Every structure is written in structure tokens, then in C-alpha cells.
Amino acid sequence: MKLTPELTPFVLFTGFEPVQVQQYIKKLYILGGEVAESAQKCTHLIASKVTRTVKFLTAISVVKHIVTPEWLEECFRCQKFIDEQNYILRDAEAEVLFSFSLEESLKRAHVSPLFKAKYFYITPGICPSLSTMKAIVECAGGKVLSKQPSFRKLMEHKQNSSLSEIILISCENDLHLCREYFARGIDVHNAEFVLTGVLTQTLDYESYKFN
């Protein structure tokens, strides 16, 4: 009921009714676990399916484990934290749908942040919100540029190995902002470059490009 910091699960829950969550939380604390202060401090994400919530899409880049709530129920039953293996989230439908293995995503996340050394400019009208995209980009190691980059900035990033790659993200409602960029032959991608990219831990410069 009281463990060392490196032995304490820091848990996020996603996709549950408020009352279920209340109950899971009581159980968690009795066991000496805690609710995570944020994705970045989370060790375990509890989810019963692959679900594209902000929690899932930030957590996936940092957590050690994505498990079903059955894990926590068995832990509480045994009054100890048991091994995660038998409770790893396996969503056959989502995996076929998005052509990935969640296990493979976690492995890649641990090796390296998907957006290591990448800067994103994201137009203001984006959906989900700019704040959401930003939190997802950052957990994955990227940075979001607050100012729209000039043609000069874009070229200079490309010409210097010492400078991060810049990636532009937009949506239908904002494409008028990018007209001059397209004329220049600059790529702009839709939000899925980030959303689906982080879920599957892949960079896909072709599926989501407006060009």
C-alpha cells in the first residue's frame, strides 16, 4: 500500500464512465498506485480498446504499458500489482483498421521519440484543437512553431543539417493560408500525419499530403 517511486504505477484512464473511474481510482490508491499528473508522467494507460482520445495519443509516446482495466481488477483482487503481460491491450479490429500493431508502436516509442528533431507549424483552425495537437506532438518529441514560417526559414532548415526538419500541418478550412506555399512546391499535410502517425509510430509523408 506504500511503494518506492520506481515501483509506483502512475495511471491514466481513458474511455470510462465517471463512476467506473471513481471506483478504479479507489482501488488504485489502496494498492499504492496513483493517478498520473499528466501523460508525460504516466507509466500505465488503462483502456479497454484502441481509442483516439487525447490521453491515448499523448500517453502512447511515453507509457510503459497499455493494459485493460481487467489488469487493475486482478491487481486489486490479489492486493498487489501483478505482471502486465496477460492484460496487454489487444484490439484486433483497430489494428486491422489502422494497419499496425500496438505492441510494435510501444516498442518504437521506447527506442526513440517519433518526432525527435522535428518542428511543426500548425494552422490555427486545425481540428482537434491546436492545444491538443501540440500536446500530442510534444509527447512524441516534436516542437510546435508558434509563428508561420517564412519561405526563407523553410529553405534554411532544409539547407542545414544542424537545423530541425519543419513539417506543415493544415486543414480544409485553412488551405487559403497555404496558397503561396503550394505554389512554391512546399508540402502541407492534414492532421492525420500527427494523429495516425503517433498511433502507429510512423512518419507518412504521402497519405496525408494536400498536394
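We number the residues from 1 along the sequence you see.
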query	finding
Comparing 193-201 with 17-25, the one whose average Cα B-factor in the PDB entry is higher	17-25
Per the entry, higher mean C-alpha B factor between 154-162 and 32-40	32-40
Which of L57, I169, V67, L177 ranks first by CA B-factor in the deposited coordinates	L177
B-factor third for the C-alpha atom of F115 within its chain	lowest
Chain thirds of CA B-factor: placement of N173	highest
Cα B factor band for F98 (lowest, middle or highest third within the chain)	lowest
Chain-wide C-alpha B factor ranking for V50, given as lowest, middle or highest third	lowest
Assigned third (lowest, middle, highest) for the C-alpha B factor of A183	highest
